[PDB]
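> PDB entry and its sequence, pasted below:
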Amino acid sequence: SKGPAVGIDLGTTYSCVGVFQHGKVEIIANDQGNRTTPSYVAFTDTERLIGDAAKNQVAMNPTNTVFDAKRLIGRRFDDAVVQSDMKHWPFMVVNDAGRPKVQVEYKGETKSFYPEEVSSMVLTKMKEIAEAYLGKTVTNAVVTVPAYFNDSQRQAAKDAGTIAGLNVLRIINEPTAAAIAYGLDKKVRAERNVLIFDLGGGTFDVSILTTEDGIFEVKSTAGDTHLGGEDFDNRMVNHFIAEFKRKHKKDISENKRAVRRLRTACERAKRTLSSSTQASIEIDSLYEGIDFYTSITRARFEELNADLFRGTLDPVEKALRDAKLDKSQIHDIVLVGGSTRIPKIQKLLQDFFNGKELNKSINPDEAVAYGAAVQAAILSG
Ligand SMILES: Nc1ncnc2c1ncn2[C@@H]1O[C@H](COP(=O)(O)OP(=O)(O)O)[C@@H](O)[C@H]1O
């Protein structure tokens, strides 16, 4: 026997899967052709679309396109963290005897779903993707939950795998995976103090990790659970909403769809802003048939979020305090999280540790997956 054993990075927002076949951990590409998937589950009149095609339909299907599934998993309905977010989603999360589900309308009927199977649904597609490129049925996986996950959330995110059909070997911490990606545990026989800076698409996770000879210990976590990628897009989306409104003197705001088209355009823009210094927002017949055609500077950009971009440096210290370690004591700075591609966030942190070089060679949206797959081979039999 042998069996392809994949490591999956289930995200909050996006999830990436990857395997390591003889020598390299290759990161299973996507049907549309991406190294990701946005963690989106949609129910319409005909079908239930997971992955990308779901995310694309969220304007034209608001009330019945479920997402941010990972924020519910683990908690009971009467929890605080659910009560706050309950006021921020186009769908409905209800209670069923203390436990929550998402109520939506699937193929004309009205059904309800338990977080672990909304999150399972993603795994299922994530499952298929592994099968697509490898050419065989994939049963073994290793999943990533953040450091702040308690048994409740683990036993659920473990359960998303079981229900997906997956036989989950072990279930590990994101920050840890990252450190393993870089082989920071493959060490040189001293003690190790490592730092993880995930800056997701919705979550800012910071961790300071001690490797005491081959083994990790999870030291101190920290961050803003509502600061992230989308927020950055919101500042852009909020800006152009203004520039256009003032260019024509016609406000778009309360137009659910006009809003989204710009949205996805600001996203596209922001990403290239990490290499190029100029973005180009090009949306045809946006609103009242008017076209929108403009640009945004990388300069202009960094100043839009500047208040937020800058502020992240704060938890770095804050963990480092609880961690009972000085800036210097860290032997590794690992840039995990997609958003860490923004060069403004990069230098801010690189300056913060005073010139130190940053561990950023692997694509900050994959990284947590890379190890997930690696830690798998070891566990693979
Ligand atoms: N080249 C890029 N430049 C800037 N931001 C990016 C780039 N690529 C992706 N992002 C952003 O990073 C976020 C994705 O991080 P994500 O993959 O969700 O982390 P996790 O998987 O830990 O949730 C998205 O909001 C996306 O817009």
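Alright, I've got the coordinates. Numbering: from 1, shown residues only.
> rest of the way, CA atoms for contacts and neighbours
Fine.
> Counting neighbours, what do you get for the spatially closest residue to residue 171 that is not a sequence neighbour?
Across the structure, with C-alpha to C-alpha, 6 or more residues apart in numbering as the measure, the residue nearest residue 171 apart from its sequence neighbours is residue 143 (5.0 Å). When neighbours are defined as other C-alpha atoms under 10 Å, residue 143 has 30 of them.
> now swap in residue 78 and tell me
Applying the criterion other C-alpha under 10 Å, we find 12 residues in the vicinity of residue 78.
> That one reaches residue 97, doesn't it?
No. In this structure, residue 78 sits apart from residue 97 without contact. The criterion is C-alpha atoms under 8 Å, and the distance is 10.1 Å.
> Helix or strand: which one has residue 19?
strand 16-21 (DSSP states H and E).
> Does anything pack onto that strand? Which helices or strands?
Contacts defined by 3 or more C-alpha pairs under 8 Å, 6 or more residues apart in numbering; DSSP states H and E place strand 16-21 against strand 5-9, strand 24-26, helix 115-134, helix 367-379.
> Take these and write them to JSON lines, including distance to residue 175 and mean neighbour count.
Compiled in JSON lines, the helices and strands packed on strand 16-21 are given as follows (distance: least, C-alpha to C-alpha, whole Å; neighbours: other C-alpha atoms under 10 Å):
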{"stretch": "strand 5-9", "distance to residue 175": "11", "mean neighbour count": "32"}
{"stretch": "strand 24-26", "distance to residue 175": "18", "mean neighbour count": "15"}
{"stretch": "helix 115-134", "distance to residue 175": "20", "mean neighbour count": "22"}
{"stretch": "helix 367-379", "distance to residue 175": "7", "mean neighbour count": "27"}
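> give me the element residue 269 is part of.
Under the assignment here (DSSP H and E), residue 269 is part of helix 256-273.
> Following element in sequence after that helix, please.
Beyond helix 256-273 in the direction of the C-terminus, DSSP H and E gives the next helix or strand as strand 278-287.
> how far is the helix or strand just after that following strand from where the chain is centred?
If you walk from strand 278-287 toward the C-terminus, the next helix or strand you reach (DSSP H and E) is strand 290-297. Centre-to-centre, strand 290-297 and its host chain are 28 Å apart (C-alpha atoms, centre = their mean, to the nearest Å).
> what does stretch 148-165 give?
Centroid displacement of stretch 148-165 relative to its chain, using C-alpha atoms, centre = their mean, is 17 Å.
> Without its sequence neighbours, what residue ends up closest to residue 357?
Nearest non-adjacent residue to residue 357, counting by C-alpha to C-alpha, 6+ apart: residue 350, 6.8 Å away.
> which SS class is that neighbour?
Residue 350 falls in the helix class when you classify it by DSSP: H, G, I helix; E, B strand; the rest coil.
> so what's it up against?
356-358 (C-alpha atoms under 8 Å, 6 or more residues apart in numbering).
> okay, the residues you listed in TSV with secondary structure, neighbour count and distance to the ligand next?
Conversion of the contacts of residue 350 to TSV gives the following (DSSP: H, G, I helix; E, B strand; the rest coil; neighbours: other C-alpha atoms under 10 Å; distance: C-alpha to the nearest ligand atom, whole Å):
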residue	secondary structure	neighbour count	distance to the ligand
356	coil	15	22
357	coil	13	19
358	coil	15	16
